[PDB]
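In what follows, a single structure is set out as structure tokens and then discussed.
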Amino acid sequence: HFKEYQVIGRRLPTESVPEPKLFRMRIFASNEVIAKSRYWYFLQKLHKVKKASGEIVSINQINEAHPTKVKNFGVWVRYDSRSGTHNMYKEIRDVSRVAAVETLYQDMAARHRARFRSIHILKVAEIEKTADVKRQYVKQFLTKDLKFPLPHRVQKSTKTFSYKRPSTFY
Amino acid sequence: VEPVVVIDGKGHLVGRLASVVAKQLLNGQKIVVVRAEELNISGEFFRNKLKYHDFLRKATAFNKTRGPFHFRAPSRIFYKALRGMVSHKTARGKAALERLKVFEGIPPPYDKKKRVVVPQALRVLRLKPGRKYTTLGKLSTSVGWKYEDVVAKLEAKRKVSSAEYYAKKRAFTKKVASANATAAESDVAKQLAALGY
Amino acid sequence: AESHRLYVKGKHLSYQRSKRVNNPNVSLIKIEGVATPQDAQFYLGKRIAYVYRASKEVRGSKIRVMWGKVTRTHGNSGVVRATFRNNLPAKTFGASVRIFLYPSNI
Amino acid sequence: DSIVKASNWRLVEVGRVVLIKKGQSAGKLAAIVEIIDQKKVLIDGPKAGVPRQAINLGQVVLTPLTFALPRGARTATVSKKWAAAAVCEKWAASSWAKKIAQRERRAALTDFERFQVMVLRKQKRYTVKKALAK
Amino acid sequence: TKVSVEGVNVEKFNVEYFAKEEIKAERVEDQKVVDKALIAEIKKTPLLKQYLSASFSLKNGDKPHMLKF
RNA sequence: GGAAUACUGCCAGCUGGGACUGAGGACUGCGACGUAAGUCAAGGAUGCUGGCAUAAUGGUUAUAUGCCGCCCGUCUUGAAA
RNA sequence: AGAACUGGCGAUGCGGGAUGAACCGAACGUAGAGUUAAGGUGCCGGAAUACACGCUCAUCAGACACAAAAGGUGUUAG
RNA sequence: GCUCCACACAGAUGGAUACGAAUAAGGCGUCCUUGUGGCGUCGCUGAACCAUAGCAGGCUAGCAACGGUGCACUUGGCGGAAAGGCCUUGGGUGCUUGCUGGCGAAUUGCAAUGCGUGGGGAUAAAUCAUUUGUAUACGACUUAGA
């Protein structure tokens, strides 16, 4: 289960430079250690700050404001694969940011074969109104009075032998 | 749970059914398989037909008879599929195979006894909808089986008079339900209902 | 009257073994009506008796019984490990075994 | 004159009361509020007790009963609509809830109660056999 | 299930009572007294005597880990 | 405006189900209960019950079978061969 | 082909890998109980026909880096 | 195979409890114009149905049903795929826990479940012998003789 963390670093302030830029970003990780490692990697890559002169001011966990509210999430993702790195944008209809990022990671590992090692979450934002969604598969669930069945349900059997010839009707 | 289990092989996967039957056999359970010709295998017919040829093409040069044996009956094919899943060439494996019987259709006295199915081996429960599948009977007929006509002819007779037996059972259950209904609302019936019966 | 059974019938699968090594001191027993380790937890410590007929009569009877006990659960299918005073012949693989309700706690 | 038979499906939609099969709230009724995707649906069962959450359709089984419900209703509105529709009364009358209750009662039976049930069953069978063939 | 026992005297019995040093007459008399004391309590509830007389045995589909005693 | 729950970590918190071990051999010590006498789960188990002399039980041969095991010695080459 | 430095072997058993000299763990008194590594959990084979998200019909798929630069009115995502 | 004599004694313990077909559909009841018809009703596992009380299941007296059930008979039907089993009419004989009573349990002491051979009598058949070739190196094979 993923979790959202906030990490800030200001590169061990020295003489003549008190309170540096104080780089701030949000990191999604399953634990504090992984969040700190990802923050260090992002600082090394995007910025010129390394752990040699770095410092973790504070790490905090951010909880989604409305864990029971359905939202459409627009995520900008930059990931690396066998080919060169390129930007990517996707839209996810989920309830919480953590679930949306988890689904994005699962899709990337499934379709693009990209795993957590080479995936960067640039930004996660909520789409407020309809007709701003640019993906058809997300617009699919926005239709008014959406009703559909669940044909051919895969019923589970607790016994090897069943004297019923079960039907998959729903 | 049952001294002998009769499994209806119609609309079942050869692989899963054979695996479960072998596993039950290794546990000391007697199982009888019926309607082997109706067994189904995933994939289009040509793929299954091509697969059969490449296993019989390996006929030994010096001694073909003592070498691979190619059986066309669907029951023989099912037994071969299940045979490989059991540790044959050993006393434990040989004893287990003695508990399994495979027949085409439902020969008596099994025709007059209850039969069961394996939910995890049903073709209509595992295969994705709309996907191609192969029938064991048609494959056997293509590869040399010559008893499909008689099998179907005497299986149709099996449904004949068994529909009549079911009709008689339904008529009897009509009177049984009427007797239960007229016996309802009584003190004993009310007590049974309160006690979950 | 119709039935006098006071035990839960089971099946002896095989000894606790690896891919190429087996430990006859521990036997795996399948209990009817048990599907999860939680259900099998109730059967722990129950006496296990294997009943078979012997050609020779020794104590005025043709039935010889080997006793055992339930040690711990095995796997996720309800299989439970069992240890007997004398290990099973290894020919009883799949043979029926009897599990009693004593020593009972309920 | 047109005929279209055997097309009754339990559609998944807002206001579709469902029964949870697996999870903490297994066996507790829930009402679908908003559909997230083909595999995730938001449910709320405040009358039953299950807290509002997004559940996987694989962990829940639909039920024939249905009731009107505004899309994306909150817990209070969902509970109000549940009370107004009186879906609980319909649920009990159905043979499915009766079967659940009978199974629970049988699982809760006692040895002495089992003996009483056996005696009552014997008496009922005797009465039925006497009634039969007459 | 329980049956009233306050009306039955049991303090007399002890470990030495069952010692074995053709049934002892005192044992029969004590059994008769206990039966007389407990028969009223047994009859206090319907079908209790029949339930006690009937033996207990298992049947197909019975799961002791699921049955309630 | 207000509490509850989820998660993390703690309990020198409480209490059930199962398996193996019984090692030491009159006290010397660390400890607890108890005003005291005395007691205790405190440097390793005690008490009771059931089977027994035409015994209980144990030992050898083959077959009955779960699994494994290349034919021994010397010598070549870093090894097997 | 011949040389310079460096980690295992050689004197070395065990588990895993259909078997295994260049592969992983683990380096060894006789025993009991328990927990694990690599390796595994449809049968042979002791262990879930576990969960969730997507992908592929392959007329010799798939579960093993050279011929791989390109082609396809095959499919799912940017 | 018939008869007389001598000798031995891989795993039950409730019931394998019978339609077919579809699985993007199905059963059951009922109704009508008799149709790929109308209404109700059910699945979401067999967690199901029968039977399950009696010194391992005795003796005995009544009530109510006259039904349920074991037994050898008895009339008839069905079952050729491995039928070999399924029943069905009539009576007889036992139980009936469907209902109400009277007798015994103990000491087992707290548990080690609790049906051919080898010797004869007779009689069906086979081999060799013998002999013809249709077979032939030798085996082997087709024939004839109370």
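All residue numbers given for chain A refer to Swiss-Prot; the residues shown span 3-172 in order.
Quick check of the header: electron microscopy, 3.5 Å.
Each Cβ is built from the backbone N, Cα and C atoms, and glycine gets one as well.
Swiss-Prot has this to say about the protein:
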- A:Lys125: ubiquitin cross-link (CROSSLNK)
- A:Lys131: ubiquitin cross-link (CROSSLNK)
- A:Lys149: ubiquitin cross-link (CROSSLNK)
- A:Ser32: phosphoserine (MOD_RES)
Listed in sequence order, residues with CB under 8 A of A:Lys125 (ubiquitin cross-link) and six or more positions away: A:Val77, A:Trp78
Looking at the recorded positions A:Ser32, A:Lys125, A:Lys131, A:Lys149, which ones have a CB within reach of chain D, meaning under 8 Å Cβ to CB? A:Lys149
Least buried of the recorded sites A:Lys131, A:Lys149, going by other Cβ atoms within 10 Å? A:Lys131
Looking at Cβ-Cβ distances, which residues of the chain lie under 8 angstroms from A:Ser32 (phosphoserine) while being 6 or more apart from it? A:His3, A:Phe4, A:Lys5
Whole-number Å distance between the CA of A:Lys149 (ubiquitin cross-link) and the CA of A:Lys131 (ubiquitin cross-link)? 21
